[PDB]
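Peer 1: Following this: a sequence and the matching experimental structure.
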Amino acid sequence: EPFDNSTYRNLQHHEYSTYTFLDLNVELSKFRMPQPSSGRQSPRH
Amino acid sequence: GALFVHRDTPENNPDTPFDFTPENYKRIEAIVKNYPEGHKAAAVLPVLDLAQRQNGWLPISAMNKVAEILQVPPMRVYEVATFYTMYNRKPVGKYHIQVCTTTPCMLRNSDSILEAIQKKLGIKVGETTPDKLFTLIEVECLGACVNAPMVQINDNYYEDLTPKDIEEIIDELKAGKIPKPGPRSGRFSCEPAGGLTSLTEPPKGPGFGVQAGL
Amino acid sequence: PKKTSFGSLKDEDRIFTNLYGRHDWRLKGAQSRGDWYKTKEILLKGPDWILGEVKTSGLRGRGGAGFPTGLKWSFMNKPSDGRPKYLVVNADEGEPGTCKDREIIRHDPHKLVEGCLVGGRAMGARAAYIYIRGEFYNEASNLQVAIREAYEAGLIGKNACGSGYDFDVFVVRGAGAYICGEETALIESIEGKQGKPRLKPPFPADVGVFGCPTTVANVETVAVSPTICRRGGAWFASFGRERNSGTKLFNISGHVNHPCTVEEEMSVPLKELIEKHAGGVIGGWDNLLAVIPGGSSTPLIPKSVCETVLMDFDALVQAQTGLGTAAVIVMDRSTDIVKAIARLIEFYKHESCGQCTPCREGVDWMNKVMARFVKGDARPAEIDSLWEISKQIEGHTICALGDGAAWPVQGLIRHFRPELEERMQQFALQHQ
Amino acid sequence: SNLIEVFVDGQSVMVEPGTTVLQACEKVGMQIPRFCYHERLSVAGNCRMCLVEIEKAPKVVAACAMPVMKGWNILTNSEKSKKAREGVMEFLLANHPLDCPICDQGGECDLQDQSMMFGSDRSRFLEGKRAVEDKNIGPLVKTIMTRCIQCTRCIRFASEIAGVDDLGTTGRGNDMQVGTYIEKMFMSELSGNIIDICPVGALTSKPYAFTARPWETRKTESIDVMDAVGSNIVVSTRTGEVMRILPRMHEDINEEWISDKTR
Amino acid sequence: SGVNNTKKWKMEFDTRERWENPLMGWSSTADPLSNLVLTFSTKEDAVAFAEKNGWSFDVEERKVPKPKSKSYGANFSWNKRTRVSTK
Ligand SMILES: Cc1cc2nc3c(=O)[nH]c(=O)nc-3n(C[C@H](O)[C@H](O)[C@H](O)COP(=O)(O)O)c2cc1C
Ligand code: SF4
Ligand code: SF4
Ligand code: SF4
Ligand code: FES
Ligand SMILES: [K+]
């Protein structure tokens, strides 16, 4: 809680699953703005 | 490994079964929603990173399958897999040992840990263990290249490592339990062995500068 | 009017007050150390307001660039052509010994996103495709949970910080490439292709990811930009020498008693850099044969030169080196300098996209000719040839990887040449 | 009108806005040494042989990807540019296998001709060389991938003109193998032109392989008849028989490419 | 890719019989005007050479290349097909 210059305070690093990146990606869908309308469905389109 | 021309293997073939979990399709949808529509070819990088979490490596059945779902030509994802280093196209062990021997690590004798791990495991650099559990190979530096010479297991790293406790890194890994990920030495975050030479006073809070309206 | 004592950086001088992950990396400790205080007001004042602040500051490119940040950002502040303006963060950190990118993300990831948010107001960035190296899966997660706290608090996202700004920052993990650390290579690394550097000139100013304006800024420059908007250009410019000012993560390592990453003032003498913050160099200065002060792309310099050279960009230039990323590492006398960079030069070969001919054929050829150098199977002329082709690839590669690989070997030749000529007849006498 | 004025080693030349140096010095009759740029094929700027230094410019500029502006008097024959051409070439030359007597490009090789004009006279390479596994992508073109210069001219021609993606460049580092990874075959109806595109003997005609040498062929001009396009062709004959059908230049009808059937 | 052969004109003739000789395979020929290509600066002097010795001509205009307007930035686009994904 204090400055405690002899601490790491990153135990959450140890508590990270193998799917962690994509798991936060899945739950990051609510507060999203609209990806810009490039027009063509694909760069090839 | 060390190959850039595909040989159709009996087990790693285009016919190799390879699919995604119901939550995994959500992860891909979460992957593609970050990048704009009509430019979904950018999503090829993290989905390929996602690809080897399922099988354990990059099967060639995955590369063309992920090409068809991402509506990209097969050769484009073919290049993404072969270029990046951790994108391994050959099956690898459960513990992908990533020993660091880049100059800053070798200066602090990163050879000692490599020899120590070589002696116990018997298998040489690159090849898998006889139980295919660990895979020792020399690569470039992890990107954290300041502590004592460091190693990286799949997605779980270790730095501030000595030839004595590299023995103590694989022992419990062989047993199954996970060792402590991070600096083995007294560096909780990065602090020098002589304590900490900065950040003595408590950090300040808000209300500083406030130039005009700020 | 002049702070000649530009060493022993003070605690307030440390922009990242949670640099060692002391209080809390996440939102809970972010407000404790001063994050998210009047960020909206910084955005509300105006894009030119922070443009003036960075101009009166003049942040040198800490990612081995040296370009003042005020002009680089101002090249982009204009009414949008139509292509969505984006912000790009380069957190590859493939440089040997460089750790500045990591000491920001895992110990105050909000500090980086402060610089993206306050910068993005100047840039006009409605989004930021911030990138993180593939070897930092642990640390992309830490800023992903941190990005959530700011996303749901209104600070970033929908009308970011309560002022009209649909600014959303997106994180992309890498998959391993030191060449990806360049802006022109990371830009199509994000775009979903082989991470090769882009030819010039187009610019990030007009094109970029999917052909969009993209401000690539080093995390250290990004995350220091808060303090220069919260205090002003007087704070940044007061520390450090002319042009070279502010504070940078000096990553002391190599043959040092206590190798660590410390925020440190620049224009600092090398001796007290390793003495105060690390207890000295192993074996003292006499054992110290040379130092790589700036990083890989910064040539090493001899003991007769180190003494108290100041790590300000101008002073490294006269020292025939650069600031790089202040990833300072030391080799003792026991360490063979020919062997010391032997892994360094082959590291460059292992990390090269290989598109342009000078780099693809250069470092590997340099690797083989130096392999017989460290072994000694060469003639005295061979060092001169190594000189010639090193300058040959200099300024002839599409990107700065070749030039970044040129400086280490280039510096060694003109600095420890007699030692290079020493090892070869040592080979000749016994392998005769 | 909007056109801007530059010079090329003296003489003033009028140029279009956005003009590159390659299409700037050709107006006076200069071919900057190139190995990765084709006129009707997208810019690459990878071979680095187009490099030319101008006065008042400390660093040499990639000519094929350099938008010229006012007051750019390109110093074509400047010594630094001459040094740049020499070093870049010998860097291509380094890992090239010594197959000139056994490569069909001998006598019509871009690497050979350039190395005789903008080239040195002896090698400083004292190390081992590099070798690549040969591929096989159809019984109509021979792929000696060891002789490749990684100009990426093949991958662009396939992706932009042929409309296929069976070609790519795999690897990281010096290796940078160019091929298909998984074995495949060039199914393009315009696949034959990739033989003409490759500047080296990496891609060569299988039927013609070791049947004649360029300096004995009495070229003649005719047209395609397989297609109604009437593609302009160059018929290479020797001592009273036809060896190869080469595509002529006509731009608006066939450019410089012909169908695989007529090749 | 070199061009330094398209800069001049010639006086090429048409082909005649190329028959295989009875022996090892010489392509014996009976027309002397076979390997007599000329080299000319322009085309008006080319024809001027043609009728002085009374040879029927068949001229052809030089195929000067069409303009080669290219843009490196065009390879990296937003909604333009010229967005290139291969280098
Ligand atoms: C080989 C190479 C690697 C680089 N790696 C990094 C890196 O890891 N992080 C970074 O911030 N900049 C890196 N850079 C610098 C970038 O290319 C770019 O100049 C910089 O990020 C721009 O922002 P800055 O001016 O704030 O440094 C690298 C450059 C080169 C040539
Ligand atoms: S120097 Fe050239 S070949 Fe090497 S990584 Fe950079 S762009 Fe690629
Ligand atoms: S491609 Fe050219 S240089 Fe290479 S072997 Fe053939 S003729 Fe010789
Ligand atoms: S195979 Fe030929 S066209 Fe393709 S990259 Fe190599 S030299 Fe260029
Ligand atoms: S043509 Fe300019 S680099 Fe290949
Ligand atoms: K060819």
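Peer 2: Everything's here; your move. Numbering: from 1, shown residues only, chains lettered A, B, ... in the order given. Ligands and ions are numbered 1, 2, ... in the order given.
Peer 1: And for the lengthiest strand in chain B, what's in contact with it?
Peer 2: For chain B, the strand that runs over the most residues, judged by DSSP state E, is strand B:95-100. Identification of contacts with strand B:95-100 by C-beta atoms under 8 Å, 6 or more residues apart in numbering or on different chains yields B:88, B:110, B:113-114, B:117, B:133-142, B:145, B:149-154, B:157, B:170, B:173. (C-beta placed from N, C-alpha, C; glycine too.)
Peer 1: CA atoms of it as CSV?
Peer 2: Output of strand B:95-100 as CSV, limited to C-alpha atoms (Å, rounded to 0.1, in the frame of the first residue of the first chain):
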residue,chain,number,x,y,z
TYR,B,95,8.3,-26.3,-22.1
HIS,B,96,9.8,-24.3,-24.9
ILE,B,97,13.0,-23.2,-23.2
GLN,B,98,14.3,-19.9,-24.5
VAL,B,99,17.9,-19.5,-23.3
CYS,B,100,19.4,-16.0,-23.7
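Peer 1: Which neighbours in the sheet does that strand have, and how are they oriented?
Peer 2: According to DSSP bridges, strand B:95-100 forms sheet pairs with strand B:134-135 (parallel), strand B:138-139 (parallel), strand B:151-153 (antiparallel).
Peer 1: wait, which of these is closest to ligand 3?
Peer 2: Proximity to ligand 3 (C-beta to the nearest ligand atom) singles out strand B:138-139 among the strands paired with strand B:95-100, at 33.9 Å.
Peer 1: So what touches that closest one?
Peer 2: Counting by C-beta under 8 Å, 6+ apart, B:85, B:98, B:99, B:100, B:101, B:114, B:125, C:350 sit against strand B:138-139.
Peer 1: follow-up on the earlier one: could you take the strands paired with strand B:95-100 and lay them out as CSV, with extra columns for mean neighbour count?
Peer 2: Output for the strands paired with strand B:95-100, formatted as CSV (neighbours: other C-beta atoms under 10 Å in any protein chain shown):
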stretch, mean neighbour count
strand B:134-135, 22
strand B:138-139, 18
strand B:151-153, 22
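Peer 1: Tabulate those strands (JSON lines), appending distance to ligand 4.
Peer 2: Below are the strands paired with strand B:95-100 laid out as JSON lines (distance: least, C-beta to the nearest ligand atom, whole Å):
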{"stretch": "strand B:134-135", "distance to ligand 4": "33"}
{"stretch": "strand B:138-139", "distance to ligand 4": "28"}
{"stretch": "strand B:151-153", "distance to ligand 4": "35"}
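Peer 1: Next, format these as a markdown table and append distance to residue C:337.
Peer 2: Shown next, in a markdown table, are the strands paired with strand B:95-100 (distance: least, C-beta to C-beta, whole Å):
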| stretch | distance to residue C:337 |
| --- | --- |
| strand B:134-135 | 33 |
| strand B:138-139 | 21 |
| strand B:151-153 | 26 |
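Peer 1: tell me what the longest helix seen in chain D is packed against?
Peer 2: If you go by DSSP state H, chain D has its longest helix at helix D:79-94. Other helices and strands packing on helix D:79-94, by 3 or more C-beta pairs under 8 Å, 6 or more residues apart in numbering or on different chains; DSSP states H and E, are helix C:357-375, helix C:380-393, helix D:110-117.
Peer 1: most tightly surrounded among these?
Peer 2: helix C:357-375 (a mean of 23; mean count of other C-beta atoms under 10 Å in any protein chain shown).
Peer 1: center of chain D - which residue?
Peer 2: When chain D is reduced to its mean C-alpha position, the nearest residue by C-alpha atoms, centre = their mean turns out to be residue D:199, at 4.0 Å.
Peer 1: For it, give me its contacts.
Peer 2: Counting by C-beta under 8 Å, 6+ apart, the residues that residue D:199 touches are D:35, D:109, D:110, D:111, D:149, D:151, D:153, E:1.
Peer 1: ok, so what distance separates the residue nearest to the fourth one when sequence neighbours are not counted from residue D:149?
Peer 2: Yep, that's residue D:111 we're talking about. Of all residues not flanking residue D:111 in the chain, residue D:200 sits nearest, at 5.3 Å (C-beta to C-beta, 6 or more residues apart in numbering or on different chains). From residue D:200 over to residue D:149 the distance is 5 Å, taken as C-beta to C-beta, to the nearest Å.
Peer 1: Perfect, that will be all.
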